[PDB]
**Student:** 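Would you mind keeping the following structure in view while I ask a few things?
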Amino acid sequence: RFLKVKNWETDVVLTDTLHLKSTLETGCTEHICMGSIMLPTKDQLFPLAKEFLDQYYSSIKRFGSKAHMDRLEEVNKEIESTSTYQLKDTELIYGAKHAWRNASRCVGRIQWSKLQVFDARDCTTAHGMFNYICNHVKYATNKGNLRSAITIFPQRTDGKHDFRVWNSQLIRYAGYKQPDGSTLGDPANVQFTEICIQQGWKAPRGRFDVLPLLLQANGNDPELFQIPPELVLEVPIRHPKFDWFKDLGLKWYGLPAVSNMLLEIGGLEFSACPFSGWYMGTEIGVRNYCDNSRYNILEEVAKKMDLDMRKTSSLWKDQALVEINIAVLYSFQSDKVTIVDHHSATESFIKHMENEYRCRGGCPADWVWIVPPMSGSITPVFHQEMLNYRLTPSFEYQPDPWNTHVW
Amino acid sequence: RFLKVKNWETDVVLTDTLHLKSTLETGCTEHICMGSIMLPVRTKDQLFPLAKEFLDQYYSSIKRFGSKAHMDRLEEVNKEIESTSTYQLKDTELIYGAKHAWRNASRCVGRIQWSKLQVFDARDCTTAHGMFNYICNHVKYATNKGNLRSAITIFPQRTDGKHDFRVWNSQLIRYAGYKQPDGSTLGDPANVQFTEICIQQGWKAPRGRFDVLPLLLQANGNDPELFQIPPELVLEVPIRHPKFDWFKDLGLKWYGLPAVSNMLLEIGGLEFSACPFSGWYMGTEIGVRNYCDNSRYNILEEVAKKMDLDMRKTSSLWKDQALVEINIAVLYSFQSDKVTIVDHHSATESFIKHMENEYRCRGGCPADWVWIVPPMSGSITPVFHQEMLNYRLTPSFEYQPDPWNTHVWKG
Ligand code: HEM
Ligand code: HEM
Ligand SMILES: Cc1cc(N)nc(CCc2cc(N)cc(CCc3cc(C)cc(N)n3)c2)c1
Ligand SMILES: Cc1cc(N)nc(CCc2cc(N)cc(CCc3cc(C)cc(N)n3)c2)c1
Ligand SMILES: [Cl-]
Ligand SMILES: [Cl-]
Ligand SMILES: [Cl-]
Ligand SMILES: [Cl-]
Ligand SMILES: [Zn+2]
Ligand SMILES: [Zn+2]
Ligand SMILES: [Zn+2]
C-alpha cells in the first residue's frame with residue numbers, strides 16, 4: 001500500500017501513496033511484465049464522471065460542498081436524460097492539465113500546470129478545425145519562444161460522428177517510396193502520405209515536404225488543408241565546428257505537436273485533441289535522424305567525419321551520434337527556437353518528481369521512455385526507480401482512422 | 001495463450017509461448033508495473049514438486065522423458081526427500097541446471113554464450129580454505145591469460161539455513177573503497193562497506209586507488225575467513241586512449257574478469273548460496289558504469305577538463321563527448337592487451353540473434369529491457385526498439401541479503 005522507490009546514485013528513498021488511485025490496466029501480471037511493450041453506456045459513464053468530479057472538487061478545496069453535490073446531481077441528471085454530459089470550462093482546463101500531469105511517459109511534466117487550453121468544442125466542420133489548428137500553431141510557436149498548448153475538439157457521441165486529425169503530428173514530413181527501392185523523406189509517414197495523395201494532395205516529392213492536414217469533423221469524410229507555410233517554423237541544421245554539416249541539407253520543424261491521441265476526462269472521450277510543447281534535442285538528433293527506419297543518417301555523417309567504420313569497437317556510431325546531437329541543439333539555440341537538452345530535461349524531471357512525491361504522494365513514470373535514447377546512465381533518471389501506473393484524466397492511444405472510417 | 005512482441009525498427013513480430021512455464025512473481029500487478037524496481041529452509045511439501053518440475057525439464061532436454069531412467073530418478077529423489085528432507089543432484093543435472101540459470105537470466109545480454117559455461121563442481125568442499133583453493137582455480141581457468149572463458153563454481157547447497165556457504169565479496173575481484181575523514185572516497189565507493197568489514201576482520205589495507213580486495217569466505221555457516229588472491233592470478237589492464245596521450249596519466253586500470261559472487265542459484269528447488277560465476281566484460285560496464293557513475297569513480301569532469309570541452313552548459317554535450325572517449329579508451333586498451341571484451345554494438349547485435357533463435361527453438365526468451373539496453377547510445381543498438389517480455393523461469397539466479405546482515409557470529 002506504501003511503495004518505496006530508491007535512487008541508486010543518491011540513496012534517496014521515496015514513498016508512493018498515489019498509486020492507490022490507479023485505475024486502468026498496465027498490461028503486466030504477477031507472471032509477466034509488459035513494461036517494454038509499446039501498446040500493451042450510461043451505466044459505465046456516471047462512475048467515471050463521479051470519480052473525476054470528486055477529484056476536481058477536492059483540488060479546489062470544496063469536496064463535499066453543496067456546489068460539489070449539486071454538480072454531481074446535475075451530471076447524473078444530464079447523463080440519465082442525454083446519455084452524455086458537458087464539462088464546465090473549468091473542468092475541461094483542469095482535466096487537460098491533469099491528463100498531461102498523469103502522462104507517465106513524458107519527461108517534460110514539470111511544466112504541466114502552464115498548459116494553454118483552447119476550447120474548440122463549438123467547432124462543427126473541417127474548415128473550422130483548420131482555423132483552430134492554425135491558431136494553435138501560431139500561438140504555440142510564438143516566433144520561436146514556444147508555449148505549450150492543447151486544442152480540444154468536440155467529444156465522441158455515438159462513435160460515428162468523431163472528430164479526428166488523421167495526421168500523427170500537426171507538423172510532419174512526407175514519405176515516398178521510390179522506383180529505386182529506397183525511401184525519400186520520412187519513412188514513418190509513407191502510408192499517411194499515400195492517403196493524402198489518394199485524397200488529392202499534389203505532393204512536391206522532396207525530402208522535407210510539410211504534410212497537409214487531413215481533418216475529420218462530425219464523422220464526415222476527412223478534408224485536406226495546407227498549413228500556411230509562414231506558420232511552420234523550421235530550423236536548418238548546422239554544426240558549430242564541422243563546416244561540411246550544413247551540406248547534408250538537414251532541417252527540422254520547431255513545434256512537436258501530437259495529434260493522433262485521445263483525451264479521456266471523466267469518462268468523456270476527446271478523439272481530436274492536438275497538443276504541443278517543445279523538443280528535447282535527442283528526439284530529433286537520435287530518433288528522427290538516426291533510427292534505421294527514420295532518416296538514418298549515421299553512416300553518412302560518420303563518413304564525413306573520417307571515422308574508422310571497419311569495426312564497431314571504434315565507437316564511430318557513438319561519435320557520430322554525439323556530433324549530430326550537438327548540431328541539433330546548436331542550430332535551435334542559434335535561431336532562438338526553444339529546445340531542451342536531455343541533461344537539463346531529466347534534471348528538471350527529477351526535481352518535478354520529488355515535488356510530486358511530496359505534494360501529491362507520487363508521480364507515475366515509465367522508465368523505458370523517461371530515460372533518454374542516448375547517454376542514459378549519465379542522466380539523473382537512469383538510476384531513479386519509477387512506478388508505472390495509469391491515472392485519469394489521461395491521454396491514450398487510439399487506432400489510425402483509415403482502418404476505422406466508414407467511407 | 002500466445003503473446004506477441006514487435007520490433008519497431010524492423011516490424012518483425014515474434015510469438016512467445018515459453019511464458020506459460022513462468023513460476024515466481026515479477027513484482028508487477030494489473031495496477032502497477034515494477035519493471036524499473038531493482039529488487040521487487042524449504043519444506044518437503046514445497047520441495048518435491050520443484051524437484052519434479054526440474055527433472056521433467058532435464059529429462060525432456062536429453063530426449064528421455066518418460067523413460068525408465070526418468071521414472072527411477074523421480075522415485076529415487078522422492079524417497080531421498082522423504083528420508084532426508086532434501087536431495088543431491090547428479091553431476092549432469094547440476095551442469096544442466098547451472099547452464100539454464102544463465103539461459104534464463106533475463107537481465108543478461110551475454111546469453112548467446114549460455115551453452116558454453118564451464119561448471120566446477122565444488123559440492124565436496126567443507127572449509128573456507130577449500131573455498132579459496134576452488135576460487136583460485138576458477139580465476140586461473142576463466143582468465144586463461146586474457147582469452148577469457150565463462151565459468152561457475154558451485155559450493156554445497158543450503159541445508160537448514162544455519163550452515164550456508166557464502167562468498168561475502170560481491171565479485172571475486174573488486175577494488176577497495178576508503179571513506180576519508182574529509183568525506184571524499186579513495187578507490188571504489190561501491191565497496192566502502194565491505195572494505196570496512198575486511199579491515200575489521202584483520203586485512204592490512206594498502207589504502208590506494210585500485211587495491212584488489214581479499215576474499216572473505218564462509219563455509220558451513222562458520223565465521224568467514226580472509227584470503228588474498230595470488231597477485232599473479234589477477235589480470236589487469238592499464239587504461240589508455242588511441243589518440244589522447246594524456247589519458248594514460250589519469251592512472252586508470254581495470255581487472256579483466258567480471259565474477260559475480262553474491263547471487264543464489266536455484267535448481268530443482270535446491271539453493272546454492274555460493275556459486276560465483278564469471279564471463280567477460282562489455283565495455284560500457286567499465287567505461288559508463290564503473291568509471292562515470294557519480295557514486296563510482298566519477299571521472300567525467302576530470303576527463304572533460306583535459307579534453308577542454310565547453311563545460312559551462314550541458315547543451316555542449318560535453319558529458320556525452322567525454323563518455324564516448326572514455327569508452328573508446330576501455331575497448332582500445334583491452335584489445336591492445338589481448339584481453340577479451342565486447343563492445344555494446346556487437347553484444348546487442350549478438351543478443352538479438354540469440355533472442356530470435358530462442359523464440360524459434362524454445363518458444364521465448366525472457367528479457368529485462370531496462371538492463372538489456374546498454375547505458376549509453378541506447379537507441380542506435382538493435383535492442384532499444386525490441387519489445388521484450390520479462391518473466392521468471394527456473395533454474396534461476398536470485399539476489400540474497402548481504403551476509404553481514406544475517407550471519408549469526410560464532411566469535
Ligand atoms: C513542454 C515541453 C515538453 C517536452 C520537453 C516533452 C518531452 C517528451 C518526450 C521526450 C517524450 C517521449 C520520449 C522521447 O521522445 O524520447 C514525451 C512523451 C509524451 N508527452 Fe511530453 N513533452 C512536452 C510537452 C508535452 C505536452 C504539452 C503534453 C500534453 C499536453 C505532453 C504529453 C505527452 C504524452 C502523452 C507522451 C507519450 C506519447 C506516447 O505515448 O507516444 N508532452 N514527451
Ligand atoms: C560471457 C560474457 C557475458 C557478458 C558480456 C555479460 C554481460 C552482462 C551485462 C552487460 C549485464 C547487466 C547489464 C550491464 O551491466 O550493463 C549482465 C547481467 C547478468 N549476467 Fe551476464 N554476461 C556474461 C556472462 C554471464 C555468465 C557466465 C553468467 C552466469 C552464468 C551471467 C549471468 C548474469 C546475471 C544473473 C545478470 C543479472 C545480474 C543482476 O541482476 O544483478 N552472465 N551480464
Ligand atoms: C507533446 C510532445 C512533446 C515532445 N517534445 N515530444 C513528444 C513525444 C513525441 C514522439 C513521437 C514519436 N513518433 C515517437 C516518440 C517515441 C517513440 C518510442 C520511444 C521509446 C522509448 C521506444 C519506442 N519503441 N518508441 C515520441 C510529445
Ligand atoms: C557474469 C557477468 C558478466 C558481465 N560482463 N557482467 C555482469 C553484470 C555485473 C554487474 C555488476 C554490478 N555491480 C551492477 C550491474 C548493473 C547495475 C544496474 C543496472 C541497471 C540497468 C540499473 C541499475 N540501477 N543498476 C551489473 C555479470
Ligand atoms: Cl518527433
Ligand atoms: Cl523510437
Ligand atoms: Cl562491474
Ligand atoms: Cl549502475
Ligand atoms: Zn511490469
Ligand atoms: Zn527510435
Ligand atoms: Zn550506474
Side-chain angles (χ1 to χ4, degrees), chain A residues 3 5-6 8-11 19 22 25-38 281-282 286-287 290-293 298 312-315 317-319 321-322 325-326 329-330 333 341 343-344 347 365-368 371-378 382-389, chain B residues 3 5-6 8-10 19 22 25-38 283-284 288-289 292-295 300 314-317 319-321 323-324 327-328 331-332 335 343 345-346 349 367-370 373-380 384-392:
Chain A
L3 282 173
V5 288
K6 162 165 197 180
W8 288 91
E9 195 84 287
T10 59
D11 273 327
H19 74 284
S22 61
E25 320 278 39
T26 55
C28 309
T29 72
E30 276 85 328
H31 289 271
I32 304 145
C33 176
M34 285 207 169
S36 70
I37 309 294
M38 292 310 105
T282 54
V286 185
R287 175 178 59 250
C290 293
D291 281 0
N292 279 327
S293 58
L298 259 188
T312 54
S313 57
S314 75
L315 312 188
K317 279 181 162 162
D318 309 75
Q319 295 208 290
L321 183 65
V322 176
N325 280 275
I326 286 167
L329 289 157
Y330 175 70
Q333 291 176 162
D341 70 72
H343 307 281
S344 159
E347 185 203 346
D366 178 347
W367 189 102
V368 171
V371 175
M374 64 179 295
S375 296
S377 183
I378 59 163
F382 187 89
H383 298 89
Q384 182 63 58
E385 294 183 338
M386 297 168 196
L387 295 165
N388 194 207
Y389 51 89
Chain B
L3 290 175
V5 298
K6 185 174 181 188
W8 289 92
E9 204 77 295
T10 64
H19 68 273
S22 198
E25 289 152 310
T26 60
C28 301
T29 78
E30 303 82 74
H31 286 110
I32 192 146
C33 175
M34 308 231 305
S36 72
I37 304 297
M38 296 294 83
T284 55
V288 181
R289 172 179 66 245
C292 293
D293 274 6
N294 295 319
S295 61
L300 268 186
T314 56
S315 64
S316 60
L317 303 197
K319 285 203 163 155
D320 314 67
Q321 280 196 303
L323 191 61
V324 176
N327 273 280
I328 279 160
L331 290 157
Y332 179 64
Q335 283 166 186
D343 70 74
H345 304 287
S346 169
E349 181 177 29
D368 180 345
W369 192 105
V370 172
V373 175
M376 71 181 278
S377 300
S379 183
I380 56 155
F384 184 93
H385 301 86
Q386 182 64 63
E387 294 181 346
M388 296 169 193
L389 289 170
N390 192 206
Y391 53 82
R392 303 173 114 15

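So that the names make sense, note that chain A is the first sequence line, chain B the second, and so on, each numbered from 1. Hydrogens, waters and symmetry mates are skipped; everything else that's a heavy atom, side chains included, is used.
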**Student:** Less than 4.5 Å to any heavy atom of chain B: does that hold for the side chain of A:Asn388, its backbone, both, or neither?
**Tutor:** both
**Student:** For the candidates B:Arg289, B:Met34, B:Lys6, B:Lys319, which exhibits the highest count of non-hydrogen atom pairs separated by less than 4.5 Å from chain A?
**Tutor:** B:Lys319
**Student:** So do B:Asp320 and A:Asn325 actually touch side chain to side chain, heavy atoms under 4.5 Å?
**Tutor:** no
**Student:** So what's closer than 4.5 Å to chain B heavy atoms on A:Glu347: side chain, backbone, both or neither?
**Tutor:** neither
**Student:** Indicate yes or no: at least one non-hydrogen side-chain atom of B:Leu323 is less than 4.5 angstrom from one of A:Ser375.
**Tutor:** yes
**Student:** Within a strict 4.5 Å, meaning less than it, do heavy atoms of the A:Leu315 and B:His345 side chains meet?
**Tutor:** yes
**Student:** With a 4.5 Å cut-off on side-chain heavy atoms, are A:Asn292 and B:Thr10 touching?
**Tutor:** no
**Student:** Who among B:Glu25, B:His19, B:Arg392, B:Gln321 has the most heavy-atom pairs with chain A under 4.5 Å?
**Tutor:** B:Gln321
**Student:** Using heavy-atom distances under 4.5 Å, tell me whether B:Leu331 contacts chain A through its side chain, its backbone, both, or neither.
**Tutor:** side chain
**Student:** Contact between B:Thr26 and A:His31 at the side-chain level, heavy atoms closer than 4.5 Å - yes or no?
**Tutor:** no
**Student:** Counting heavy-atom pairs closer than 4.5 Å to chain B, which one of A:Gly376, A:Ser293, A:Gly27 comes out on top?
**Tutor:** A:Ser293
**Student:** What's the shortest heavy-atom distance between A:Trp367 and B:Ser36, and which atoms?
**Tutor:** CB-CB, 3.5 Å
**Student:** Check whether A:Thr282 gets within reach of chain B through its side chain, its backbone, both or neither, counting any heavy atom under 4.5 Å.
**Tutor:** neither
**Student:** Go through B:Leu3, B:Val370, B:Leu389 and name the one with the most non-hydrogen pairs under 4.5 angstrom from chain A.
**Tutor:** B:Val370
**Student:** Indicate the atoms forming the closest heavy-atom contact of A:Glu30 with B:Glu30, along with that distance.
**Tutor:** OE1-OE2, 2.9 Å
**Student:** Just by modelled atom types, is the B:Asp293 backbone N or O under 3.5 Å from a matching donor or acceptor in the A:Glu9 side chain?
**Tutor:** no
**Student:** Where is the tightest heavy-atom contact between B:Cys33 and A:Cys33, given as atom of each residue plus distance?
**Tutor:** SG-SG, 3.7 Å
**Student:** Any side-chain heavy atom of B:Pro375 within less than 4.5 Å of one from A:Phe382?
**Tutor:** yes
**Student:** At a heavy-atom distance under 4.5 Å, which candidate from B:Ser316, B:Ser315, B:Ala367 has the highest pair count against chain A?
**Tutor:** B:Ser315
